[PDB]
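Presented below, as structure tokens, is a lone chain in the form deposited in one PDB entry.
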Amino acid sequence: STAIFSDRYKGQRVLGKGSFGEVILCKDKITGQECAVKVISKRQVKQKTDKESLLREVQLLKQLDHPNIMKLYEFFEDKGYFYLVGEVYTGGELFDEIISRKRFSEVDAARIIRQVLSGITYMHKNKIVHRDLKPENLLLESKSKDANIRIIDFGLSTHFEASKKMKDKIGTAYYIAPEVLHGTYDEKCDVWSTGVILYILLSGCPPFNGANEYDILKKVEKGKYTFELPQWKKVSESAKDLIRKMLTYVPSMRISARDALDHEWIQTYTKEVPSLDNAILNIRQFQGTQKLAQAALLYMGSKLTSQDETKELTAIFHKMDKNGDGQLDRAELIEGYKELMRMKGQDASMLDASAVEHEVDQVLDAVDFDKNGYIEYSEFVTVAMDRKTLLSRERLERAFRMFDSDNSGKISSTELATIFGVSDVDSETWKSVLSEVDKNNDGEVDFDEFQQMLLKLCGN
């Protein structure tokens, strides 16, 4: 009796999308314990190692315990998926909390960074390297002000090939250690990344920056950065010294996570100082830019997914309609939706037959439909897809409002440049699209215009 994931857990809702897959909030069917399950599709993510190697790693990770590292509880594998069952954390990304503060200082930075260093040190002792460490991988344990930081995804880079899709790689270039690019790397790459995160926490700007991904990688590969911005005047030599040691090019010369923990700056500023307002302002801008480019690409993706699935669902139902009537019953809509799921394999939310049944019922409950006298498939398809798109279009509007910090309703041509640079959409291409939406415009777009540009950039 091999164990099966859905015999034990039922999905409650989606928490979001991370590296390698979807994260679902799940519940144990017997104990009622809540857990965050990372679902990695074997069809979308290629393994780098053999099965042996990964199971060994999973066994080790289940035995490791540290207050700043996500806790893994269980592991399931079936034909199409791996299921990584872990502790649920409700505090969100670090940077999302930081932008909401009214005050931020070198003491707060230092408390953050020594939580990070402490989880890393621990993991390196057990010979586990993160490699893809960045702000998105730092969650707060709870919505409390005093909440601990938990590092997610320690261990996945060793076993899974990262996505080349830009919707997944957005914002990774700032943090990656030069030696990781060239291919010969060890645990010190995690110190580099942390050194970058500290630079951003104290100034609000990345030390290596650029108008697009490859521009950013060129800076990193040269390894040159400076403290020649005005806001570094507000920051102790001590912190700059730690940064220097963490951003040391040659790894053998770069400080270890453990020796970073014993550095003067950490010692001084994590004991019981000016607010860094410019830093917090730059971070609020940097964060907004990223989340808007991210949401742009996920909107484009959602629209493309939708077209794929509308045509597919329509063809499944046309075929299933042996009458030629355009009328299916509940049990068929379900059979068809399920067969969409067999063919795609994209919904972590539809983890079992019962998750599908309920989704169908939510759709039937939406349309003005007698549910126990059979339904017009055309209209079920419309409501079902919109429902899918909803999360992504609502998020787009929200990331747009949050980016528009002065509530002007508009974003300048200069701001778009930065947004499409980060989203790695060719410059000539988006200017060309901006020309065709509003052919009278004056280098600013509202939300409706911006959205039309995106629809045009994904083939519509």
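A residue's number is simply how far along the shown sequence it sits, counting from 1. The term rigid core refers to the most C-alpha atoms you can superpose between the two forms while keeping them within 1.5 Å.
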**Item:** Other entries omitting residue 344, at least a third
**Value:** yes
**Prompt:** Thinking of the other compared PDB entries, is residue 369 one of those residues unmodelled in at least a third of them?
**Reply:** yes
**Message:** Going by the PDB record, how many residues of the deposited sequence fall between residue 272 and residue 273 without any coordinates: none, 1 to 3, 4 to 9, or 10 or more?
**Reply:** 4 to 9
**Fill in**
Assert higher mean C-alpha B factor (217-225 or 381-389, deposited values) equals 381-389
**Item:** Selected stretch [higher average CA B-factor]: 157-165 or 361-369
**Value:** 361-369
**Complete:** Residue set 290, 349, 305, 126, per-entry CA B-factor max assigned to 349
**Prompt:** Between 300, 255, 138, 375, where does the Cα B-factor run highest in the record?
**Reply:** 375
**Request:** Would you please rank residue 175 by its C-alpha temperature factor against the other modelled residues of its chain and give the third it falls in: lowest, middle or highest?
**Result:** lowest
**Message:** Ranking the modelled residues of this chain by C-alpha B-factor as given in the entry, is residue 121 in the lowest, middle or highest third?
**Reply:** lowest
**Third of the chain's Cα B-factor distribution that residue 245 belongs to, per the entry** = lowest
**Item:** Chain third (lowest, middle, highest) by recorded CA B-factor, residue given as residue 424
**Value:** middle
**Complete:** Quick tally, chain-level thirds of C-alpha B-factors: residue 261 sits in the middle
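Below, we turn to the form deposited in another entry, even though it does not appear here.
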**Prompt:** If you fit the two forms on their rigid core, which residue out of 386, 87, 221, 74 shows a CA shift of at least 2 Å between this form and the one not shown?
**Reply:** 386
**Asked** C-alpha of residue 126: shift of 2 angstroms or more between this form and the one not shown, rigid core aligned?
**Response** no
**Large Cα shift (2 Å or above) at residue 334 between this form and the one not shown, core-fitted** = yes
**Message:** Using the rigid core as the reference frame, would you say residue 260 shifts its C-alpha by 2 Å or more between this form and the one not shown?
**Reply:** no
